[PDB]
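Just so it is clear: chains get the letters A, B, ... in the order the sequence lines come, proteins before strands, and each one is counted from 1.
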Amino acid sequence: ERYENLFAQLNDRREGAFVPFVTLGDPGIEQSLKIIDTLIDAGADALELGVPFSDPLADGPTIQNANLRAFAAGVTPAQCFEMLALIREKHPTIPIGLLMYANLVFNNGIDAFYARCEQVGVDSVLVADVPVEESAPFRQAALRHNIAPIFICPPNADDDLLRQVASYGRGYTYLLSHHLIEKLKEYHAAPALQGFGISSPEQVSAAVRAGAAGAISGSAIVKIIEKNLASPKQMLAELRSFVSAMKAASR
Amino acid sequence: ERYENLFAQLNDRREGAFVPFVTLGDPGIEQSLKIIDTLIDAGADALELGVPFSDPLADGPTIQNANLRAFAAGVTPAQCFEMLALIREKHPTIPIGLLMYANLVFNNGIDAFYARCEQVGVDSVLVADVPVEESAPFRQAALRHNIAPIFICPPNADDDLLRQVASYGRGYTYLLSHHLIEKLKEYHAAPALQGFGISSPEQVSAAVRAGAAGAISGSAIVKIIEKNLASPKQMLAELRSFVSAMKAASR
Amino acid sequence: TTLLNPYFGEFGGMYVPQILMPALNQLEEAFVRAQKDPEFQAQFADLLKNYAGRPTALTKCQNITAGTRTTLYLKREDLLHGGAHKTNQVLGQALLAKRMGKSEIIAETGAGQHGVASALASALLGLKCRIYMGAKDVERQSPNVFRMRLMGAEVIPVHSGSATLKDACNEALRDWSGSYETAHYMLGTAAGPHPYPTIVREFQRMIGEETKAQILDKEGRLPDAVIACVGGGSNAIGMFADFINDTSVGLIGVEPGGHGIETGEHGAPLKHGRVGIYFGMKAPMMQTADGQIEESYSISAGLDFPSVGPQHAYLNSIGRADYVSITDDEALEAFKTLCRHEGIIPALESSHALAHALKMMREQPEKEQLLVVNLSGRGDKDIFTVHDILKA
Amino acid sequence: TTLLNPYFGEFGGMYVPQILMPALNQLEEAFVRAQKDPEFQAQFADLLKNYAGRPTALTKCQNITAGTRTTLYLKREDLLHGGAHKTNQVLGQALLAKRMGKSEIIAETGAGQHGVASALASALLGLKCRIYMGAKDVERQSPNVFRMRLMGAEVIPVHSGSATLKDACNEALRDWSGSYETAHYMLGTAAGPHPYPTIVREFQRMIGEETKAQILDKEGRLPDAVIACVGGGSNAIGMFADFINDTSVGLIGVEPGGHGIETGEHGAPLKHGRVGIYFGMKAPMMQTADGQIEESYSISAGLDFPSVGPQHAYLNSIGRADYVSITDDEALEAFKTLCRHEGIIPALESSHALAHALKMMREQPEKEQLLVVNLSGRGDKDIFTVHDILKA
Ligand SMILES: Cc1ncc(COP(=O)(O)O)c(CN[C@@H](CO)C(=O)O)c1O
Ligand SMILES: Cc1ncc(COP(=O)(O)O)c(CN[C@@H](CO)C(=O)O)c1O
Ligand SMILES: O=C(NCCOP(=O)(O)O)c1ccc(OC(F)(F)F)cc1
Ligand SMILES: O=C(NCCOP(=O)(O)O)c1ccc(OC(F)(F)F)cc1
Ligand code: NA
Ligand code: NA
């Protein structure tokens, strides 16, 4: 619902969406909540938030350390959901998506996980290690709780996969970093957001020109956090400048 | 010749022979020459002298160390022969026998070794690691140079061996520590001298009573040397007392 | 879609990022084709026989069973080139890599045994071998690390996470996700995403096939039970496979009990863990109440995989195979006993399997039973560890 | 008198104290009887196959000979239980000890490989094993010393002399002289007093017998030459034996050249020593101009016997076999080359044999030749030594 409204509003303004990613609890609960509020105040159209996991086999060094820092802070899934509830209570319309690892969703029951997402106000969930081939239980539980199941459209994909992602995905299609973008639209796929490697304003403008509904940036965001650990204030200042720049490029 | 004269003279006196053993050059050339003169002055009827060898596989710990001490002194076979020449020049009638290891005899030629023995005045040679079965070259070379080849009559022997030792041996038969003594005499074997483990006067009297022509003692002698290393004088004093005691028992 | 079933009951699957699915599908197809290719089978058999030393002996251990009605045989994988069963399947996977036109090899290792096997196979077959190992394991496995380098393999320390096997596993996957085009990920156990559990089983199946032929030749009948340790599950499924349809033959897998199941310091997820999704599969695992993945503790470095092969979880669920645990001390006793009574130094991993066979014998001395223990590897590598312990 | 000829030309004999002759005669008679006893042969064959792992593979090494007309095969004694060829004959000698009604075993060892073999055989066959080792070797072979103790053998350090192998040999003889009634001296190489050179050759002859059968099966013809390292001479005569009457087959023994023959620091008495009498035999030896016995220097601990088997000295004298030497550095290069190109870690002893084969190939690249190198043992035991060196 929030993704639908967002893209409709962004379309009426002929502008793309800029979606930053950060790990919940990194480098701490308090600072993370502040980081998130800064990202929103800076121009973020939506948020992608990660729940600290012991073995993030889909993340590079930068995010691996974000999780490490989060764990050093004692961050747990239960606390992440408390943070999510708070974030939603403060920001009613911004789309909030989670980046999860399968075991955290499966742990206490898949249905229960998505039910918790709905109660705190989450809009979408992308499970990193669940390919479309194993997605049935997950997207079914997502749909039952009005949560959009996010699917990754890889660059090394084919027609078959494109059709699956288009019919199974909701909210937005995660386009890994043109022709695919056209195919997705042809198959009525959820708006495409390009991710992976997006760290400059020009890349954001490029994505929107290619036909994507927007772009997602994480590592670039996380790097600002890790390089200003000893300077909480400077960290926020830098974050604001980066997001504002990336957001401006989407217009 | 010297063994023949010795046993004849000892027979006319109804007494056994006491033959001590020592390693040449132990603990040094000078002290060794003094040790030898003391043994002779104390009552030794004959001498058995060892030439330092790297691997005395037929000697226990006591003698193993005698060789070690000799080597620490830089004693060599050439020097041992110089000592032998000197000993003979000082004592013309005492029988002198060598205890050798095969490689020292074989090294520069077997014939040459026995020829050197004859020139310095040695009377017999017992090669520790040359059984009667391999003795041909050795006893032949010994006989050619008027040297008595000494053979070991083990306790675990049999008639066959007894006959061989009796016909091949000269000077004296080395009887390893009764019935064998009788057999040897029956076969006209060289006078028997009992060795190995002889360390007390009673053992010397026992050997003579059994029918042996005498007894050989080494380790007991060497132990006196090693236990008085720091007291050259005391060493000799003790040696004299021991030999005199052992000799007295042969009368 | 796939050519073969990715599941064993509820266990298994292909829980990997979408990016890696083409690599798995390619591998499955290559495997299926290789299995029906007489030429591939001939080459694999040639290497196993003339390079690795197969068949391995089936040794009757008469001294250890004295005074009981137990007859015990040891399948000697300790005599295989490399010192462990790991060599069998790496040779097959290496040939598969070549069949797919790949020139590089990626491997993960904890104890270093699979790493050494991967390195030797790569040296022989002209493959550029890259091995990931938890920094903590690298530190305590200097010998194996040197052997790998001596054989031309690049050893890469992984400092992320707990810096152990599971972390090395993650690193291997992240590497392969962007290099599968030219490199093959040689997984070291019968776990991970389909088709690995199936491929590893098939490339280790000769252990059980040989054992069956040898036991029939020597005893004229099948064993009452075959026993093997279970870290990831490869040596055990290799032994079990050919006997699965022989209902009278018991299949007993032995997980490490560490300091004791009640202490929480063990490596027995199959019987004392909880099902989860990690390392590309749905299987029982060592995990916190929150769902974070934990490490498996054991005196033996090789029984460190924090989960277990999906086929073992399935065989357990339907009651075809039974799984038990053996503690550090029980394994140590078995290690000392085999050394002193049979003159064979077993790997500490294998010692867990032997320890359970000894328990079966000792608990019921007058029970007539024919047992086969899979001696997965030799223990020359564990000499120092055992020394430090006994000396302590 | 004896049943068999104690000499090979002028070399050999029984140069031991008269006290030990009955023990040698008893052993010779027991050996002769055992050789014509189908029951003994059956038992020995059973142990070799089902316990030790025979037959061992004959591996074709294709990568190392690339670009030349040399075809090289490696006889894999490294895959034998224990890690070296030593295991073959200890099993036979252990059975002989039992045939004579002896319950104790005396053994000498330098590197510790024969010691471990003696210990494992004694553990299996219920023999009380006592092993003598030079104190200096004990200090640098802690691993092997522990393996021996783990397998129930008593390791006795020898501090006499240079405290090395030759001194251990003397100690073994002095012990046996007064215990031969209940104990058997299990000599570890094809040297010493008759009947040992003959017995060891016969109990190692399967190496060459298998190699002949395997090479005929694989190449359809006999090798142009078989190559083996020579410490005491057992693995080499084991390989040579069945080929002696095949005049077209060259027999090449490789002695350790250490730092170089011209430095005097080597272990090549056959070609650079002088004939002498020691350790119960007349053979070429490392000795001073005065006749004192010296030690053999080599980077490899196993090529430390200061003399050489009498049959090798004889085969050399009549020109049937040729002997050469390989330096520490040449052996090290061969060790590294086999690891990197064939995935096999050879013993540093065996590396000397490989180094010479590599020289034969490299010196005349276009010479067509079929060579077999006897890989006497695996080199896991040498990993640290090679490491310290390369690191240095
Ligand atoms: C002799 C032996 N026996 C058993 C095992 C356990 O694995 P398996 O259950 O796959 O058979 C291992 C594993 N070794 C793995 C995990 O550390 C490695 O990376 O080397 C082994 O080396
Ligand atoms: C793998 C290997 N290859 C070769 C040799 C040399 O002996 P050989 O010449 O008798 O064959 C040895 C000897 N090892 C002897 C001497 O130290 C021992 O006591 O263990 C060995 O262990
Ligand atoms: O959005 C997230 N990525 C942040 C990384 O930073 P960036 O490089 O800027 O996207 C992100 C998205 C999907 C994901 O799973 C998988 F890898 F499988 F696709 C992992 C991380
Ligand atoms: O006479 C010598 N022994 C001195 C040892 O002291 P002791 O115990 O008193 O004889 C002596 C005699 C023979 C010998 O060779 C062999 F052992 F083979 F027989 C070795 C030493
Ligand atoms: Na496990
Ligand atoms: Na030698």
Side-chain angles (χ1 to χ4, degrees), chain B residues 54 103 107, chain D residues 11 110-111 162 164-166 189-191 225 227-237 240 250-276 278-279 281-337 346-364 371 373-374 376 382 385-386 389 392:
Chain B
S54 64
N103 200 57
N107 193 66
Chain D
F11 312 102
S162 58
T164 44
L165 183 52
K166 71 180 180 63
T189 190
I227 310 158
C229 66
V230 176
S234 70
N235 85 268
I237 202 67
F240 293 177
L251 310 175
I252 302 171
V254 188
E255 295 189 285
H259 297 307
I261 299 303
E262 69 297 328
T263 73
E265 306 181 63
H266 61 81
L270 197 161
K271 298 299 291 297
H272 303 288
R274 192 170 69 270
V275 181
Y278 172 61
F279 193 47
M281 65 178 180
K282 178 175 296 182
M285 316 221 178
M286 301 290 296
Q287 59 174 315
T288 62
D290 275 359
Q292 306 299 352
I293 308 302
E294 298 176 298
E295 311 160 64
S296 286
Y297 167 73
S298 177
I299 182 179
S300 66
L303 303 181
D304 61 333
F305 190 64
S307 185
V308 65
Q311 184 161 16
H312 287 294
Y314 173 64
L315 290 171
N316 176 236
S317 69
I318 65 176
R320 175 66 188 93
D322 299 303
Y323 298 81
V324 300
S325 66
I326 282 293
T327 65
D328 282 1
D329 287 346
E330 291 173 310
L332 286 172
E333 186 274 315
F335 177 104
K336 295 192 299 180
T337 291
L348 278 176
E349 291 72 25
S350 323
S351 291
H352 284 72
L354 178 58
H356 187 69
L358 293 177
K359 183 178 297 187
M360 291 168 74
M361 170 185 81
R362 291 164 181 168
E363 290 189 355
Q364 307 180 308
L371 309 178
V373 161
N374 195 202
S376 63
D382 299 302
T385 293
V386 179
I389 296 175

### Task
Report the C-alpha separation of D:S317 and D:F11 in whole Å, then their side-chain angles, then the decisive distance to 0.1 Å, and conclude whether the side-chain contact (heavy atoms from CB on, under 4.5 Å) test is met.
CA-CA 10 Å; D:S317 69; D:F11 312 102; 4.2 Å; yes
For [X] against [Y], the heavy-atom pair lying closest together:
X	Y	answer
D:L165	D:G110	CD1-N, 3.7 Å
D:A236	D:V230	CB-CG2, 3.7 Å
B:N107	D:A289	ND2-O, 3.1 Å

Residues in side chain to side chain contact (heavy atoms under 4.5 Å, CB included) with [X], at least two apart?
X	result
D:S296	D:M286, D:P306
D:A357	D:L72, D:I227, D:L371, D:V373
D:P256	D:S298, D:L303, D:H352
D:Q364	D:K367

Applying ring pair (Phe, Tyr, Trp, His ring centres under 6.0 Å), name anything that partners [X], two or more places apart in sequence or on another chain.
X	answer
D:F240	D:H312
D:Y278	none
D:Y297	D:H259

When rounded to the nearest 0.5 angstrom, what is the spacing between [atom1] in [X] and [atom2] in [Y]?
X	Y	atom1	atom2	result
D:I237	D:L251	CD1	CG	8.0 Å
D:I252	D:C229	CD1	SG	13.5 Å
D:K336	D:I389	NZ	CD1	10.0 Å
D:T327	D:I261	OG1	CD1	9.5 Å
D:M285	D:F305	CE	CZ	6.5 Å
D:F279	B:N103	CZ	CG	14.5 Å

Quick one: salt bridge (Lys or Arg N to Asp or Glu O under 4.0 Å) partners of [X], sequence neighbours excluded?
X	value
D:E349	D:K381
D:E295	none
D:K359	D:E330
D:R274	none

### Task
Before giving the answer on side-chain contact (heavy atoms from CB on, under 4.5 Å), spell out for D:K282 and D:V275 the whole-Å C-alpha distance, their side-chain angles and the decisive distance to 0.1 Å.
CA-CA 7 Å; D:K282 178 175 296 182; D:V275 181; 3.7 Å; yes
#### Entry: Heavy-atom check, side chain of D:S325 versus side chain of D:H266, under 4.5 Å
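Side-chain contact under 4.5 Å: no.
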#### Entry: D:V254 side chain reached by D:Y323 side chain, heavy atoms, under 4.5 Å
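Answer no - side chains too far apart.
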### Task
Hey, could you give me each pair passing salt bridge (charged side-chain N to carboxylate O under 4.0 Å, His left out) that has a residue in residues 312-328 of chain D? Not counting sequence neighbours.
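Every pair satisfying salt bridge (charged side-chain N to carboxylate O under 4.0 Å, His left out) with a residue in residues 312-328 of chain D: there are none.
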#### Entry: Worked verdict on D:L332 versus D:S351 for side-chain contact (heavy atoms from CB on, under 4.5 Å)
CA-CA 7 Å; D:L332 286 172; D:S351 291; over 6 Å; no
